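For reference, the structure discussed in these notes is given below.
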Amino acid sequence: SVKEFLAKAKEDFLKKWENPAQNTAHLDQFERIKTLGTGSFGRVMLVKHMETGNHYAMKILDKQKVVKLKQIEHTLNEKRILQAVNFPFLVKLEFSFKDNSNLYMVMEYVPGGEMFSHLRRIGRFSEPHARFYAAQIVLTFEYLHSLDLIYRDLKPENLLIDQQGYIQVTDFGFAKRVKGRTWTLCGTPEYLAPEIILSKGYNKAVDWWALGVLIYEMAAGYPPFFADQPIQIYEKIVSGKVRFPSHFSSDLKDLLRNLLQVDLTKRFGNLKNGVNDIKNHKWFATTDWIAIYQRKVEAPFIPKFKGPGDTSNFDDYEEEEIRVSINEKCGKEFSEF
Amino acid sequence: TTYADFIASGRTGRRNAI
Ligand SMILES: O=C(CSc1n[nH]c(-c2ccncc2)n1)c1cccs1
């Protein structure tokens, strides 16, 4: 029944994947309100669709900055994957378009802010609070991996809490459709799997190690490997020595010792039972997977929203006038966008 | 504590991709 759902999901994905949606809006169809977030070659702005009065999060990428950072393929994969994906725990891409200067990805506005914001402020989540989110990530990856997609950027910053209190995974810049092994060094230092650092080839198992880093962070209030500088973080990851806070249940410690597993022949998600080694684990015993998927499970925290256009759950960022050059920039590089 | 070390660290802010 899960493999039945996933087979339907695949058919739906592959059609949108082999025939991507292009130019589904124009910049003048949207009223730019506030910067919700920031990235190296763009920003996510709170936007208002005038025809509908609907609120969206529009990701604006500078084509030249994408080209400069050799992020062409990454930007193309992200739009292609997002326009083809459909899962409850993934931000819905409503529109996508491009102009002379920028690439645009109009997404569903997730008003509750990032898990990062709430996790930092609250300190740590209770094991049931982290389990609830972990479960949503578990199914999300189960979904992405069935479509042969690697996420590669899981962290609290990328997971947005929606009005119902459910996660919505954003930032698809490192998402790649791979049937086999990949070698690109990408992701966030704290979440990198040893294979990525060791510059060896890697697969989906890196998303399971990331899930491990996320569950620890959510439960501890700090990542399992931190140091003031990235190369110092990498030394702790490759070492494969994790201390667990004294409050961690034996189940959590066991789940994490399997997810944060340097040995791929032993790493949960990377074995014969695949995802079921995670799903059935003692720490997830109380989890009803179908109920999580259907959003029928009670959220441990429902965000504060003071209207459809509210941005209070998001931090303030400096704004920059969106200038659209009179000449088409990097046109051929982004022709399929 | 491990928490104090994290709090005092330079990596308690929004982390960037590499
Ligand atoms: O702005 C961001 C990361 S912050 C973010 N991404 N997506 C969202 C968001 C917020 C609310 N609703 C949907 C998406 N916020 C960028 C990442 C890469 C280029 S720009």
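Identifiers for the structure tokens are assigned positionally: chains receive A, B, ... in sequence, residues are indexed from 1 per chain, and ligands are indexed from 1 in the order shown.
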What residues have any atom no more than 10 Å from ligand 1 when counting only C-alpha atoms and all ligand atoms, and can you list them as JSON, numbers by chain? {"A": [35, 36, 37, 38, 39, 40, 41, 42, 43, 44, 45, 46, 47, 55, 56, 57, 58, 59, 60, 61, 62, 66, 75, 90, 91, 92, 93, 105, 106, 107, 108, 109, 110, 111, 112, 113, 114, 157, 158, 159, 160, 161, 162, 168, 169, 170, 171, 172, 173, 174, 311, 313, 314], "B": [14, 16, 17]}
For C-alpha atoms, I'd like the residues from the last selection saved as a PDB file, in the first residue's frame.
ATOM      1  CA  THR A  35      12.450  39.269   2.621  1.00  0.00           C
ATOM      2  CA  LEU A  36      11.549  35.978   4.357  1.00  0.00           C
ATOM      3  CA  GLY A  37      14.994  34.510   3.900  1.00  0.00           C
ATOM      4  CA  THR A  38      18.360  34.716   2.175  1.00  0.00           C
ATOM      5  CA  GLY A  39      20.693  32.592  -0.003  1.00  0.00           C
ATOM      6  CA  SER A  40      24.092  33.122  -1.737  1.00  0.00           C
ATOM      7  CA  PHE A  41      22.584  34.024  -5.113  1.00  0.00           C
ATOM      8  CA  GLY A  42      19.095  35.185  -4.148  1.00  0.00           C
ATOM      9  CA  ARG A  43      16.372  35.710  -1.543  1.00  0.00           C
ATOM     10  CA  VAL A  44      12.892  34.495  -0.647  1.00  0.00           C
ATOM     11  CA  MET A  45      10.378  37.317  -0.480  1.00  0.00           C
ATOM     12  CA  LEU A  46       6.851  37.432   0.935  1.00  0.00           C
ATOM     13  CA  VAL A  47       4.780  38.187  -2.124  1.00  0.00           C
ATOM     14  CA  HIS A  55       0.232  35.125  -0.410  1.00  0.00           C
ATOM     15  CA  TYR A  56       3.321  33.372  -1.701  1.00  0.00           C
ATOM     16  CA  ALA A  57       7.054  33.047  -1.026  1.00  0.00           C
ATOM     17  CA  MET A  58       8.958  33.940  -4.206  1.00  0.00           C
ATOM     18  CA  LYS A  59      12.631  32.834  -4.483  1.00  0.00           C
ATOM     19  CA  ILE A  60      14.506  35.299  -6.695  1.00  0.00           C
ATOM     20  CA  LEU A  61      17.886  34.129  -8.009  1.00  0.00           C
ATOM     21  CA  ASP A  62      20.346  36.377  -9.804  1.00  0.00           C
ATOM     22  CA  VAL A  66      24.341  31.595 -10.243  1.00  0.00           C
ATOM     23  CA  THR A  75      19.440  25.823 -10.075  1.00  0.00           C
ATOM     24  CA  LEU A  90       7.354  19.686   0.746  1.00  0.00           C
ATOM     25  CA  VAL A  91       6.742  23.386  -0.069  1.00  0.00           C
ATOM     26  CA  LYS A  92       4.437  23.591  -3.139  1.00  0.00           C
ATOM     27  CA  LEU A  93       5.918  25.427  -6.101  1.00  0.00           C
ATOM     28  CA  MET A 105      10.271  30.268  -8.072  1.00  0.00           C
ATOM     29  CA  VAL A 106       6.863  31.149  -6.616  1.00  0.00           C
ATOM     30  CA  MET A 107       6.182  28.888  -3.683  1.00  0.00           C
ATOM     31  CA  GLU A 108       3.442  28.440  -1.088  1.00  0.00           C
ATOM     32  CA  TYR A 109       3.910  30.841   1.850  1.00  0.00           C
ATOM     33  CA  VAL A 110       4.676  28.752   4.960  1.00  0.00           C
ATOM     34  CA  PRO A 111       3.811  31.274   7.692  1.00  0.00           C
ATOM     35  CA  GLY A 112       5.084  29.575  10.835  1.00  0.00           C
ATOM     36  CA  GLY A 113       8.738  30.326  10.151  1.00  0.00           C
ATOM     37  CA  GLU A 114      11.646  27.904  10.194  1.00  0.00           C
ATOM     38  CA  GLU A 157      16.716  26.243   8.647  1.00  0.00           C
ATOM     39  CA  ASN A 158      15.216  24.379   5.629  1.00  0.00           C
ATOM     40  CA  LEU A 159      12.116  23.037   7.414  1.00  0.00           C
ATOM     41  CA  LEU A 160       9.228  25.437   7.691  1.00  0.00           C
ATOM     42  CA  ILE A 161       6.388  25.030  10.177  1.00  0.00           C
ATOM     43  CA  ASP A 162       2.930  25.523   8.481  1.00  0.00           C
ATOM     44  CA  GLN A 168       7.280  21.994   4.821  1.00  0.00           C
ATOM     45  CA  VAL A 169      10.745  21.258   3.390  1.00  0.00           C
ATOM     46  CA  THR A 170      12.193  24.190   1.453  1.00  0.00           C
ATOM     47  CA  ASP A 171      15.517  24.914  -0.362  1.00  0.00           C
ATOM     48  CA  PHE A 172      15.846  22.484  -3.179  1.00  0.00           C
ATOM     49  CA  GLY A 173      19.111  23.968  -4.482  1.00  0.00           C
ATOM     50  CA  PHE A 174      21.021  20.723  -3.708  1.00  0.00           C
ATOM     51  CA  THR A 311       5.904  37.746   8.635  1.00  0.00           C
ATOM     52  CA  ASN A 313       7.660  34.252  12.690  1.00  0.00           C
ATOM     53  CA  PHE A 314      10.496  35.178  10.263  1.00  0.00           C
TER      54      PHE A 314
ATOM     55  CA  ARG B  14      21.652  30.379  10.411  1.00  0.00           C
ATOM     56  CA  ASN B  16      25.155  28.396   5.125  1.00  0.00           C
ATOM     57  CA  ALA B  17      25.608  25.696   2.497  1.00  0.00           C
TER      58      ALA B  17
END
Only residues of chain A matter here; which ones have an atom within 12 Å of chain B, counting only C-alpha atoms? Give them as an MDAnalysis selection string. chainID A and resid 37:41 69 71 114:117 119:121 123:124 152:158 171:174 184:192 196:197 217 219:233 243:246 315
In Å to one decimal, how far is atom CA of residue 302 of chain A from atom CA of residue 163 of chain A? 6.4 Å
Å distance separating atom CA of residue 19 of chain A from atom CA of residue 151 of chain A, one decimal place: 21.2 Å
Can you list, as a PyMOL selection string, every residue of chain B that DSSP puts in helix (DSSP H, G or I)? chain B and resi 2-8
Please produce an output containing N, CA and C atoms for each residue in the selection, written as a PDB file, in the first residue's frame.
ATOM      1  N   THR B   2      27.842  21.137  27.251  1.00  0.00           N
ATOM      2  CA  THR B   2      27.894  21.102  25.778  1.00  0.00           C
ATOM      3  C   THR B   2      27.019  22.233  25.226  1.00  0.00           C
ATOM      4  N   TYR B   3      25.916  22.525  25.900  1.00  0.00           N
ATOM      5  CA  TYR B   3      24.997  23.583  25.523  1.00  0.00           C
ATOM      6  C   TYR B   3      25.664  24.968  25.582  1.00  0.00           C
ATOM      7  N   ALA B   4      26.418  25.273  26.676  1.00  0.00           N
ATOM      8  CA  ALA B   4      27.139  26.550  26.859  1.00  0.00           C
ATOM      9  C   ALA B   4      28.155  26.784  25.754  1.00  0.00           C
ATOM     10  N   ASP B   5      28.852  25.695  25.382  1.00  0.00           N
ATOM     11  CA  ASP B   5      29.840  25.669  24.324  1.00  0.00           C
ATOM     12  C   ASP B   5      29.182  25.976  23.004  1.00  0.00           C
ATOM     13  N   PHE B   6      28.018  25.373  22.732  1.00  0.00           N
ATOM     14  CA  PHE B   6      27.272  25.665  21.516  1.00  0.00           C
ATOM     15  C   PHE B   6      26.848  27.116  21.510  1.00  0.00           C
ATOM     16  N   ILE B   7      26.264  27.592  22.627  1.00  0.00           N
ATOM     17  CA  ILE B   7      25.778  28.964  22.796  1.00  0.00           C
ATOM     18  C   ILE B   7      26.844  30.058  22.612  1.00  0.00           C
ATOM     19  N   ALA B   8      28.051  29.781  23.125  1.00  0.00           N
ATOM     20  CA  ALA B   8      29.225  30.624  23.060  1.00  0.00           C
ATOM     21  C   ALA B   8      29.899  30.501  21.697  1.00  0.00           C
TER      22      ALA B   8
END
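Rounded to one decimal, atom CA of residue 48 of chain A and atom CA of residue 29 of chain A lie 8.3 Å from each other.
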If you take only C-alpha atoms and a cut-off of 12 Å, which residues of segment 72-118 of chain A touch segment 10-16 of chain A, and what are their nearest atom pairs and distances in Å to one decimal, in chain and number order, as CSV?
residue,atom,partner,partner_atom,distance
A:79,CA,A:16,CA,11.4
A:80,CA,A:16,CA,8.4
A:81,CA,A:13,CA,8.6
A:82,CA,A:16,CA,9.7
A:83,CA,A:16,CA,7.0
A:84,CA,A:16,CA,4.7
A:85,CA,A:13,CA,5.9
A:86,CA,A:13,CA,7.7
A:87,CA,A:13,CA,10.5
Compile the contact shell of segment 141-148 of chain A as a PyMOL selection string: residues with an atom at most 7 Å away, counting only C-alpha atoms, same-chain residues fewer than 2 positions apart removed. chain A and resi 6+10+137-139+150+177-179+204+275
Mind checking DSSP for segment 35-258 of chain A and telling me the strand (DSSP E) residues as JSON, numbers by chain? {"A": [35, 36, 37, 38, 39, 42, 43, 44, 45, 46, 47, 48, 49, 55, 56, 57, 58, 59, 60, 61, 62, 93, 94, 95, 96, 97, 98, 102, 103, 104, 105, 106, 107, 108, 149, 150, 159, 160, 161, 167, 168, 169, 176, 177]}
